[PDB]
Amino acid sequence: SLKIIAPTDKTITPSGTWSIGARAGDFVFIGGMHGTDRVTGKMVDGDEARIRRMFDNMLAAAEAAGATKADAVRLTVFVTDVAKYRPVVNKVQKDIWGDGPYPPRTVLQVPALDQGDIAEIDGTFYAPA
């Protein structure tokens, strides 16, 4: 059976009809994450701070199920202006992953997000026990 990932003091705290993610055997599915502060639930200022924080939130949920950034098998980034934020996502991923290797990834533009945010991400990880 899946195990829903319980919220942690490093992690988002779900405030509605959802979970932060689930462990399912070897796989870990993180729900949509965005650049909110875990404590207040409010969005962080700054384009790059926002996106870095979206990644950190996602990675925390993952790490709370035993997956690391090196276990990512798919990232789906939805943003609000691909022309504008694709380079930011690039820059933030260079910060996190260094020179690689990088996970498979898809970046799409979309009209509206959780809360009017600029970016939301879906992460799926493979982390055998």
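Note that residue numbering begins at 1 and tracks the sequence as displayed.
Ranked by Cα temperature factor within the chain, residue 74 sits in the lowest third according to the deposited record. In the deposited entry, the Cα temperature factor of residue 56 sits in the bottom third of values across the chain's modelled residues.
In this PDB entry, the Cα temperature factor of residue 91 sits in the bottom third of its chain's modelled residues, the lowest group. Annotation for residue 10: C-alpha temperature factor in the highest third relative to the rest of the modelled chain, per the entry. The deposited CA B-factor of residue 100 belongs to the highest third of values across its chain.
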